[PDB]
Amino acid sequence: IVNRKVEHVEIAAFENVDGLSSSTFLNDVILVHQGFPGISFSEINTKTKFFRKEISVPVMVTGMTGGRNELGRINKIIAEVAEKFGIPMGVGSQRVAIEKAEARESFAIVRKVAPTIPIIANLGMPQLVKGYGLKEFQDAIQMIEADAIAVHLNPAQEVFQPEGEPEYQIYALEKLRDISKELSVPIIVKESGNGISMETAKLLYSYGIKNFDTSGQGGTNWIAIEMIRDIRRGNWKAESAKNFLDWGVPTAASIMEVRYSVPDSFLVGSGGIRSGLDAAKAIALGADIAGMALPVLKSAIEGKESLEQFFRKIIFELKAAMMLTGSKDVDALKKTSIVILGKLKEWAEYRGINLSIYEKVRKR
């Protein structure tokens, strides 16, 4: 399992798996340019709420890694930069540290170095059907003094991953619902590159889930990562993974689906957010914050100052989109004028997303 954590980072960082045969549908979203913005750049306010805390920018780093010391040093760099910028940070799956106690430090370092920002713990849905419960959740949370815990959905990844098994019985949701009653922090349910649909969002909501992270297709392709792991071990599933490279809900469509089917959700729009303009689009479309993982990893590996430059660039690009839409603050961005075209439009139409009611929901 420890080797898999390193192999994941190495394939994501150095192989060709970002947007491989997949699409966010964000090219189908246009933010309407305002030649008279009505504001000045210096007055743009990017602050927003993240549960009980305030954050500096409506962007987060979503969970990636942890489990060995070299992974901990990646976590350390991301956490210290995130703290500097006032940006929330999720950690990778903490399964490895619930088991092997030597793996705990590679997660705990995050809170040592980032005492103020929201920190989000991480466990997988399949562990709920395998005997994780309240205590494991509390241990994941306490380990980093987390402000929330993300529970990940990754059935696509599990199906193609060489080492077993995709298990998603409804009992897991009953358990999740029970756990949420005893926990002192909120639960976020996030996908892992394949996106959340309205049926999935409504099912989760019916069990008390109110916080969602789209992780749609078009960014890091987890089916591709497992495909590569399969190719590497001469596992025949590789050719089957290849047929599923474009499987999933595109990020842009997932954001629309979650916002429309659960209008009061707190929503992270993620999966292929690569610029402050993507982030601006995600928010205008209906997300409360934009999430990123892969490009943060790649910069962090390059080093601290590379990662600081990366965030400087994201933030500037976000502010430029706010400036050029006349959005003085995040709230104004959420209601700014957009155009939806092409395949995203056809997707919304077939799925019964009445654009008229969509407009009202995304902006009230």
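We call the rigid core the largest set of C-alpha positions that still match within 1.5 Å between the two forms. One-based numbering along the sequence shown.
Stretch 159-167 is the one, of 159-167 and 121-129, whose CA positions lie farther from the shown form in 8 other deposited structures of this protein once all structures are superposed by the rigid core. Comparing the two stretches 284-292 and 94-102 by root mean square C-alpha distance in 8 other deposited structures of this protein, with all structures fitted on the core, the more displaced one is 94-102. Averaged over their C-alpha atoms, the temperature factors of 47-55 and 29-37 are higher for 47-55. When the mean C-alpha temperature factors of 131-139 and 221-229 are read from the deposited coordinates, 131-139 comes out higher. The PDB entry assigns the greatest CA B-factor among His152, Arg104, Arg274, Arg259 to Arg104.
Ranking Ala253, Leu183, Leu294, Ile120 by the C-alpha B-factor listed in the PDB entry places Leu183 at the top. Per the deposited record, the Cα B-factor of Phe212 falls in the lowest third when ranked against the other modelled residues of its chain. Remark: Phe266 belongs to the lowest third of its chain, ranked by C-alpha B-factor as recorded. For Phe85, the recorded CA B-factor ranks within the middle third of the chain. Only modelled residues enter the ranking. Among the modelled residues of the chain, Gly72 sits in the highest third by CA temperature factor in this PDB entry. Placement of the Cα temperature factor of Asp278 within the chain: lowest third of the modelled residues, per the deposited record.
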